[PDB]
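The chain contents come next:
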Amino acid sequence: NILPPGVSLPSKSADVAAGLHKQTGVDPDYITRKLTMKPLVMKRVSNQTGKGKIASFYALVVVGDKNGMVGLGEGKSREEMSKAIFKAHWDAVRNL
Amino acid sequence: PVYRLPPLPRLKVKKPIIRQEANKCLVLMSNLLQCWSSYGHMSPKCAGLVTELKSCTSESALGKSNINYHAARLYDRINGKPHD
Amino acid sequence: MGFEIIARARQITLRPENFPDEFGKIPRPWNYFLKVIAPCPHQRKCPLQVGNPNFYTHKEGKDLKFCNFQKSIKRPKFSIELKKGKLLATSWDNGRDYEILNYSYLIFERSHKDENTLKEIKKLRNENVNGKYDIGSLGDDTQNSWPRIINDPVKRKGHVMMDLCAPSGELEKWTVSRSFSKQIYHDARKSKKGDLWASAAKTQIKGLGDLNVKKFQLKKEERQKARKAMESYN
Amino acid sequence: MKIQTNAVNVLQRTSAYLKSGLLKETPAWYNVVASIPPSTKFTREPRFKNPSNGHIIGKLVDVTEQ
RNA sequence: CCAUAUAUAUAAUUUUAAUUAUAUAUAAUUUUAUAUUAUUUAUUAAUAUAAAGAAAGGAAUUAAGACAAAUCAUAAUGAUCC
Ligand code: SF4
């Protein structure tokens, strides 16, 4: 094989936990095994631009551990609702 | 009296006026033509001017303000706006 | 725009919709009667008319066709001496000794007044089933019903293709071949736009010059679809 | 500007993070700040004497004293 | 990348043009120093004067919109016709 150094061969909560541990030093295990997410609102907003209407997906989610810790998160993505919800989950964990 | 302004979107002079130094060649030419009008054409009384003209126009016949930059740089500091 | 003006002027005088299934040229009411002489060989709906001129300006009516006719006129000296220089001789962003002018036009005659003519028009409208002039028909086979050549004919070895406004009210494509007839092909090989074609042809089909003619709440659906899909993702 | 709350309570928010388990390791500053609390009143405080000349601030002379 | 300047290699200097050929490499998008002007004050810029330089040119290389084009001879497919 010709695998470049720093590359690997060829879930969402796991990626949120890893990214937020790298970015803020929070515990990934706590995020993955003790937080529950619940989307609250999921919308399609739109902006008028000279080249037409650009639609974005908006997600407001809440996360918590049922033990006095709660956080709201908002995410926004022009491509997929998965991405907006991922960003909302990220934001919610950051706002605990 | 002091007239303080409201918070402005900018502090800019529309058309800043600059130091247009007059060309020496044109001044010499005007003096020489005045001399010829008064003392006659090809007069010897200002041949020096002719010489000087010839010396100054020989190679070339003809021989920006920064207020907006400093105004934009300093507006927030001097405007006396109350604290946030 | 000019063609649209003539088309409307033709329509209002004639009222094609008020005399359906009436082929040929009979003077038409508007004691008053009037008939189209030229350029139209019929009095039905003009095949090229799309009501609004602005449709030509769009990017979907760029293939639209309109009825105009061309002529060449020698430039007099004063014209030649006028169009000179950066004003009238350059491209605003070889010369000729003639100008090609485009124009649309229309000609009507008013009938006479007489007990003969009146009852004649009534009887000819009543008991004359001139018949559905089908594609390929020459109508009366006179000047008044001969097809109208409205495009430059395509002349290839042994066959000439003409785009006609036919007396059948329609837009026709006629091919005249040598093998069909030497004489008629000889005549067709000299025909030009603006003539009247007085002879039959072998292939006579429906012309596609009117193709881009017949083709001349969603916000709420987008909103509801957006909300439904957004609640469906979950 | 509104009296800010989140600069002087970093210890409380950090301890919530630590108790919940969101943060594993205690920071190096944690015990230091715990042992040295910040001042968190941010009050306006009256004064009753001019420091320079000794004039008393906030006394009213009554009519009986004139 | 051409070109330009230079180095090495190659040529048994009669395939001679060694003043050449063509491979490889180097060079620059030049640099330094003062003086006068201005400056956002120099570790800036321009001009001039000095100093070192052979050093002074050119080409290519991406997308996105708009319109035109059937010698669209920049095709293919389709339709239609013989
Ligand atoms: S000749 Fe035919 S196409 Fe032209 S205006 Fe008359 S009906 Fe219309």
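Definitions and limits used
Residues numbered from 1 in each chain as written, not as in the entry; some residues may be left out. Chains lettered and ligands numbered in written order. Part of a larger assembly, values for the part shown. Heavy atoms only, no water. Axes fitted to C-alpha atoms, helices over the stretch in contact; angles between N-to-C directions. Helix = DSSP H or I, 4+ residues; strand = E, 2+ residues; numbered from the N terminus. Parallel < 35°, antiparallel > 145°, perpendicular 65-115°, else oblique. Left-handed = near helix turned anticlockwise from the far one by under 90°. Contact = heavy atoms within 4.5 Å. Nonpolar A, V, L, I, M, F, W, Y, C, P; charged D, E, K, R; others polar. Patch = residues over 30% accessible without salt bridge, like charges linked within 9 Å, V, L, I, M, F, W, Y side chains within 5 Å. Areas by Shrake-Rupley, 256 points an atom, 1.4 Å probe, with all protein chains shown as cover. Salt bridge = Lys/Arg side-chain N within 4 Å of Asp/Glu carboxyl O. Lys, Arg positive; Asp, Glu negative; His and termini not counted. Charge placed at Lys NZ, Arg CZ, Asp CG, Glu CD. Buried < 20%, exposed > 50% of the residue type's maximum accessible area, 1.4 Å probe, protein only. Near = heavy atom within 4 Å. Polar contact = N/O pair within 3.5 Å; in protein donor to acceptor, adjacent residues only side chain to side chain.

Per the PDB entry, chain D goes by the name 37S ribosomal protein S25, mitochondrial and belongs to Saccharomyces cerevisiae. Its PDB title, taken directly from the record, is "Yeast mitochondrial small subunit assembly intermediate (State 3)".

As named in the PDB entry, chain A is 37S ribosomal protein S5, mitochondrial, taken from Saccharomyces cerevisiae.

Draft legend 1. Local environment of the packing of helix α1 (residues 24-39) of chain B against helix α2 (residues 47-56) of chain B. All names here are of chain B. Axis separation between α1 and α2 bottoms out at 9 Å; the angle between their running directions is 155°. As judged from the angle between their axes, α1 and α2 are roughly antiparallel. Between α1 and α2 the crossing geometry is left-handed. For the pair formed by α1 and α2, the contact residues are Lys 24, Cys 25, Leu 28, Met 29, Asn 31, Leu 32, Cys 35 and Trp 36 on the first element and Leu 49, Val 50, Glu 52, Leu 53 and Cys 56 on the second. Split by residue class, the contact of α1 with α2 holds 10 nonpolar, 1 polar and 2 charged.

Draft legend 2. Spatial organisation of a positive patch on the surface. Together, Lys43(A), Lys53(A), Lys219(C), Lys220(C), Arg223(C) and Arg227(C) make up a region of like positive charge exposed at the surface. When residues of the positive patch are assigned to their parent elements, the largest contribution, 4 residues, is made by helix α6 (residues 218-232) of chain C. Mapped onto the elements of the fold, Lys220(C) is located in helix α6. Accessibility expressed as a relative area gives 45% for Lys220(C), which makes it partly exposed.

Draft legend 3. View of the protein's contact with RNA strand E. Residues in contact with RNA strand E, as listed here, are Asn66(B), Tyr69(B), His70(B), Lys59(C), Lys62(C), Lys202(C) and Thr203(C). Each atom of RNA strand E within 4 Å of the protein was classed as base or backbone; sugar and phosphate made up 62%. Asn66(B) places a polar side-chain atom, nitrogen or oxygen, 3.4 Å from a base oxygen of RNA strand E. In the environment of RNA strand E, a phosphate oxygen lies 2.4 Å from a nitrogen or oxygen atom belonging to the side chain of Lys59(C). The class makeup of the residues in the surface near RNA strand E is 1 nonpolar, 3 polar and 3 charged.

Draft legend 4. Structural context of the side chain of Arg75(C). Residues and elements named next belong to chain C. In this fold, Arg 75 is placed in the loop between β2 (69-74) and α2 (77-82). In this structure the side chain of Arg 75 is engaged in a polar contact, spanning 3.0 Å, whose partner is the side chain of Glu 99. The residues touching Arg 75, leaving out its near neighbours within four places in the chain, are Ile 80, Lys 83, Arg 96, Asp 97, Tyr 98 and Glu 99.

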